[PDB]
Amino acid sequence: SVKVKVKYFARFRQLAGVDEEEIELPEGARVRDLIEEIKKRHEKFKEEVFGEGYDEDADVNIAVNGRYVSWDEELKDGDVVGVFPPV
């Protein structure tokens, strides 16, 4: 298992119902798998468009340990993933 700390920002704190949450993912999990799991846990995210890396046209951008990454970036145990409106 890979356990990541997800930090939600701004209106996504209301959609998630928490400011942060730990998400355990199977071995080999990628950023795209984490996005699917967020949507599974919190159905209000299904309708939100996630961008890949920096994308001002998306509803949501993510960063892993402070960095924009691809959807196929492999997550590591202890990674911190921010979920935020595009900067």
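Residue numbers run from 1 along the displayed sequence.
Annotation for 33-41 versus 56-64: the higher mean temperature factor (C-alpha) is found in 56-64. As listed in the deposited structure, the average C-alpha B-factor of 22-30 and of 46-54 is greater for 46-54. Among the modelled residues of its chain, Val6 has a C-alpha B-factor that falls in the middle third according to the deposited record. When all modelled residues of the chain are sorted by CA temperature factor, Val87 is found within the highest third.
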